[PDB]
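Asker: This is the structure I have questions about; it appears just below.
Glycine gets a Cβ as well: all are built from the backbone with ideal geometry, and neighbour counts include every protein chain shown. Derivation of every value follows stated rules applied to the coordinates shown; laboratory data play no part.
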Ligand SMILES: CCCCCCCCCCCCC/C=C/[C@H](O)[C@H](N)CO
């Protein structure tokens, strides 16, 4: 017959190899496909949908789990007090783990692009106030006051008929891609910090509640991209499923 | 302009002055089944105006310690009117839906609700607490009827999935400081052109408070929630005697 | 988790009260609600207030403008303070850990007696 | 058709009206240069989340940006790139002594819900339609390779399942079967889409049959016959007992994948096959926790 | 504020008999909770969610009820389980207790 | 060759008469994000107030 030679790599089984295999049922024809709404073509379509971000991930007891989806705001002494802080890394352990974007990033090693966070105010109609939300690029420590925080990228939010504001976290990095940052030498891929401060005060008239809550939503921009698919960091099984 | 709206279908009309636009699920309007997609050979019936109309269910009360409720479609209308009669007289069924939720308060109240539609909402159990018992939910829990059912563990949606990612489904918010109604239009979702209206539920409707209701002493403490819904483009086939279940 | 109350056993009328609760085996910043409850000599129970895991407070309207609850996370204690104590404010004071609108942990202390 | 309302009626319109359409997107979006804006009436930063749509603000409308030409590919996030990777879905044991399968044969019901990784990956969507590729790896419990001959048979529903090592059903006159040795490389075949419906269902909210639904029949809730494709059977080819203990592992890879209606991902530990049960006394948060909201 | 009414105020029973006490609320509540207090000590949780037994509680205790009426019953009377019982609600703040029933 | 593939993926390789035995191949990069991210009846520009 035709002379041939065998090269190293024969008889191996590579799980990601794309090849041809013998069919088992000759002349088989599948059921026709009817139209079904909601078809998904690319996973990046789902990365642009907002989901709730658990900024307030402090409590752990069972009856208080639902409180993790909101953090409070109330009247202060008018001295630019701090409200809340969190990290901006989407693939890191913390608040971002509750979003669909974080879960999807858990399946990939590297990412690139801009992010955005939306805050919605759920107070009464008679409540007014102003807030300052700042983003600190890598290198700078956690700001100790509003005067230090204003030096970075920030937006000033005014309560009104429109109950939501959007903070955009622009892509500012030295490398084209970032791996998932964590403690150690891999903190080199960190993104920065986000802090919220009181601008003027929280003001209400007589007969209105003294406390209100804010809900945060997070998603990705149109230049977001991931690559080098991998396995997820956690396995939801503690034995044999049976 | 975008805050006032009127919905007219059949012989019913809904008006609102604090709307927040209309969401069309997955960007598709309801429609009838085409000739290339159908498989049954008998001619279906389309009652039109007698079935495609607004129906109002019971009313729930919103309190400072509420958890949430859910309903199953089209199980809610199985025993109501001409739609119910057609549903239990025929074997096959398909239709879309338009859902409207009402909840109003004053300018001194506060709170926020999440209204979402989740196709193929399967309910799970607590497995006896320890997780070693293979228990199953009762019949009254899987198809609660027009009364609905109250959630026990809203954080996992009683199915082991987080509520924080529920926004991936068609949804709207009811913020008491902004709006007092929510409108969602859902097409027919299934892997088959037709299905039974008694055995299968296409989707479930979830209403869960995320920001607790609050008010000061002396204000009205009763804040009801009402559900109104209407079928769209209904078809039936396979006529035989009426069976209730 | 163990709770222990401490404070003066006798207070003159029109003075100020201060009680202390020490928590062992659990951090007061990890969750749950920490309540103050007293039992009158007639065996009648009254709920006073609580402090949150994050530092939020809510008080009984009957005792409003006279009660204040604080905490010290470094030493893992939370405090109860009363203003202008009168004769009717004599009872056994308890400290308890509770859940959010439901039964979650509900472990009570031992109580301390107060005489005014 | 002479009355006016019938002529002008829209009953029977089978064309679905879509509000959106797909566009090519081989790379990420570029960034345009922008300058400062100081005016009234235009508020890109203010949104209304109550409507139910995501924010439409962009980089150019919030800060001053430069021009960046983006050439990062999006090919790795397609459905096949995400799904066309082999993973463990089954395992069959054939011990010499024991109680599980002591007679040199075994029957396995085909389901891919027995292992957490693949189940969690596939349960992101509600409906899926695909072809499959199956690979079988066989060896001893210690990983040794021995000279033994095996037979695999695919039994569609309604066909007689073998009940012994010498059953007459092994004649496989019509059923597809594979003969292979352990010394050979693992066997590998292709499988088409065989559901009676248009797609597989990972979630079925209903009952299979009519009638009264009593407590003793609650195990039928959520069972969709459209997903039951049959049985996988394996035996040692011989009339006498084999001399080695054997283990068979099954791996599956998807091709030509389509999906619909994404769902939230699983949060708690899996407990049972084809059942979304969870431990009610051990509910845990989705992520990790910290000590205070004002500190890292 | 929600007001809870307990009846009867004082009950006496013999060992082996059937004991049943009731607590009534001025408004509908989702659940009812029970406590037991021996003299000289602090109250201890006994029943929560009207059905579940607290840890270390004998199996002869049980509870039931719905809406605005709830009850606590003891299958068999022993000398050990004789103290004051209270009904408490978590529906709204402030939390309120019952008057108590001495057994 | 029978046209019995599940997607009857544009460039594949096959050696048999059944289409479902072919390789996965390459797809086309088309996305429709507005189906899930902005399914509103009336579209609003990102300059004006949404309400
Ligand atoms: C020598 C022939 C060996 C046959 C190997 C098995 C081929 C049959 C596989 C049928 C297709 C299974 C794909 C998944 C189907 C359903 O979704 C699962 N049962 C999920 O429950």
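Asker: Which members of the stretch B:133-167 meet the condition of being at the interface with another protein chain (Cβ under 7 Å from one of its Cβ atoms), buried (at least 20 other Cβ atoms within 10 Å of the Cβ) and either assigned to a helix (DSSP H, G or I) or at positive phi (or both)?
Answerer: Residues satisfying the conditions are B:142, B:160, B:164, B:165, B:166, B:167.
Asker: Could you check the stretch B:183-206 and list, in sequence order, the residues that are assigned to a strand (DSSP E or B), out of contact with any helix residue (DSSP H, G or I) (no Cβ under 8 Å at 6 or more places or on another chain) and surrounded by 21 or more Cβ atoms within 10 Å (Cβ to Cβ)?
Answerer: B:183, B:203, B:204, B:205 - these are the residues of the stretch B:183-206 that are assigned to a strand (DSSP E or B), out of contact with any helix residue (DSSP H, G or I) (no Cβ under 8 Å at 6 or more places or on another chain) and surrounded by 21 or more Cβ atoms within 10 Å (Cβ to Cβ).
Asker: Here's another thing I want to ask about it. Is it the case that some residue within the stretch D:204-217 is within 11 Å of the ligand (Cβ to nearest atom) and either closer than 30 Å to residue D:128 by Cα or within 14 Å of chain B (Cβ to nearest Cβ) (or both)? First the steps, then the outcome.
Answerer: The first filter runs over the stretch D:204-217 and keeps only residues within 11 Å of the ligand (Cβ to nearest atom), leaving D:204.
Retained after the next criterion (residues that are either closer than 30 Å to residue D:128 by Cα or within 14 Å of chain B (Cβ to nearest Cβ) (or both)): D:204.
Yes, the conditions are met somewhere in the stretch D:204-217.
Asker: Any residue at all in the stretch B:117-132 that is farther than 21 Å from residue B:5 by Cβ, outside any loop (DSSP other than H, G, I, E, B), at the interface with chain D (Cβ under 10 Å from one of its Cβ atoms) and touching a strand residue (DSSP E or B) at 6+ places or on another chain (Cβ under 8 Å)? Don't jump to the end; show me each part of the working.
Answerer: Filtering the stretch B:117-132 down to residues farther than 21 Å from residue B:5 by Cβ leaves B:118-132.
Subsequent filtering for residues that are outside any loop (DSSP other than H, G, I, E, B) retains B:118-119.
If we keep only those that are at the interface with chain D (Cβ under 10 Å from one of its Cβ atoms) as well, we get B:118-119.
Those still in the list that are touching a strand residue (DSSP E or B) at 6+ places or on another chain (Cβ under 8 Å) too: B:118-119.
So far as the stretch B:117-132 goes, yes, one or more of its residues are farther than 21 Å from residue B:5 by Cβ, outside any loop (DSSP other than H, G, I, E, B), at the interface with chain D (Cβ under 10 Å from one of its Cβ atoms) and touching a strand residue (DSSP E or B) at 6+ places or on another chain (Cβ under 8 Å).
Asker: Continuing with this model, one more query. Residue D:254 - would you say it is more than 30 Å from residue A:81 (Cβ to Cβ), within 11 Å of the ligand (Cβ to nearest atom), in a loop (DSSP other than H, G, I, E, B) and away from chain B (no Cβ under 14 Å)?
Answerer: Judged against the criteria, residue D:254 is not a match.
Asker: Next question. If residue D:226 satisfies every condition in (1) in a loop (DSSP other than H, G, I, E, B); (2) within 14 Å of chain B (Cβ to nearest Cβ) but one, which is the exception?
Answerer: Result: residue D:226 fails condition (1) only.
Asker: Checking residue D:54 against (1) touching a helix residue (DSSP H, G or I) at 6+ places or on another chain (Cβ under 7 Å); (2) farther than 30 Å from residue A:154 by Cβ, only one condition comes out false. Which one?
Answerer: Of everything listed in (1) touching a helix residue (DSSP H, G or I) at 6+ places or on another chain (Cβ under 7 Å); (2) farther than 30 Å from residue A:154 by Cβ, residue D:54 misses just condition (2).
Asker: While we're on this one: Could you check, for the stretch D:237-248, whether at least one of its residues is within 14 Å of the ligand (Cβ to nearest atom), more than 12 Å from every other protein chain (Cβ to nearest Cβ) and under 18 Å from residue D:112 (Cα atoms)?
Answerer: Yes, because at least one residue in the stretch D:237-248 is within 14 Å of the ligand (Cβ to nearest atom), more than 12 Å from every other protein chain (Cβ to nearest Cβ) and under 18 Å from residue D:112 (Cα atoms).
Asker: Counting only residues that are within 14 Å of the ligand (Cβ to nearest atom) and either within 20 Å of residue D:249 (Cβ to Cβ) or more than 14 Å from chain A (Cβ to nearest Cβ) (or both), how many does the stretch D:138-159 have?
Answerer: The first filter runs over the stretch D:138-159 and keeps only residues within 14 Å of the ligand (Cβ to nearest atom), leaving D:138, D:150-157, D:159.
Subsequent filtering for residues that are either within 20 Å of residue D:249 (Cβ to Cβ) or more than 14 Å from chain A (Cβ to nearest Cβ) (or both) retains D:138, D:150-155, D:157.
Summing the residues that are within 14 Å of the ligand (Cβ to nearest atom) and either within 20 Å of residue D:249 (Cβ to Cβ) or more than 14 Å from chain A (Cβ to nearest Cβ) (or both) in the stretch D:138-159 gives 8.
Asker: Give, as residue ranges, the strands (runs of 3 or more DSSP E) completely inside the stretch A:65-175 that count at least 3 residues that are more than 13 Å from chain D (Cβ to nearest Cβ).
Answerer: A:128-136
Asker: Against the conditions (1) buried (at least 20 other Cβ atoms within 10 Å of the Cβ); (2) not in a loop (DSSP other than H, G, I, E, B), where does residue C:101 fall short? Just the number, please.
Answerer: (2)
Asker: Of all the residues that make up the stretch A:211-230, how many are within 12 Å of residue A:109 (Cβ to Cβ) and at the interface with chain D (Cβ under 7 Å from one of its Cβ atoms)?
Answerer: 3
Asker: Residue by residue through the stretch A:69-81, note down the ones that are more than 19 Å from residue D:49 (Cα to Cα) and in contact with a helix residue (DSSP H, G or I) (Cβ under 8 Å, 6 or more places away or on another chain).
Answerer: Result: A:80, single match.
Asker: Would it be correct to say that residue D:234 is more than 13 Å from the ligand (Cβ to nearest atom), part of a strand (DSSP E or B) and in contact with a strand residue (DSSP E or B) (Cβ under 7 Å, 6 or more places away or on another chain)?
Answerer: Judged against the criteria, residue D:234 is not a match.
Asker: In the stretch D:182-203, which residue that is facing chain B (nearest Cβ under 7 Å) and more than 10 Å from the ligand (Cβ to nearest atom) is surrounded by the fewest Cβ atoms within 10 Å (Cβ to Cβ)?
Answerer: It comes out as D:197.
Asker: Moving to a separate point now. Quick one: how many residues across the stretch D:160-181 are within 13 Å of chain A (Cβ to nearest Cβ), assigned to a loop (DSSP other than H, G, I, E, B) and more than 9 Å from the ligand (Cβ to nearest atom)?
Answerer: Selection size over the stretch D:160-181: 2.
Asker: If you take the residues of the stretch D:93-109 that are within 16 Å of the ligand (Cβ to nearest atom) and within 14 Å of chain A (Cβ to nearest Cβ), which of them is nearest to residue D:170 (Cα to Cα)? Reasoning before the result, please.
Answerer: From the stretch D:93-109, those within 16 Å of the ligand (Cβ to nearest atom) are D:105-109; that's our starting set.
When the remaining residues are screened for being within 14 Å of chain A (Cβ to nearest Cβ), the result is D:108-109.
Values: D:108: 16, D:109: 18 Å.
Going through the qualifying residues, I end up with D:108.
Asker: Please count how many residues of the stretch A:52-64 are assigned to a loop (DSSP other than H, G, I, E, B) and facing chain C (nearest Cβ under 7 Å).
Answerer: 4
Asker: Considering B:175, B:180, which residue is surrounded by fewer than 20 Cβ atoms within 10 Å (Cβ to Cβ) and within 28 Å of residue D:55 (Cα to Cα)? First the steps, then the outcome.
Answerer: Details: B:175 fails: surrounded by fewer than 20 Cβ atoms within 10 Å (Cβ to Cβ).
The conditions single out B:180.
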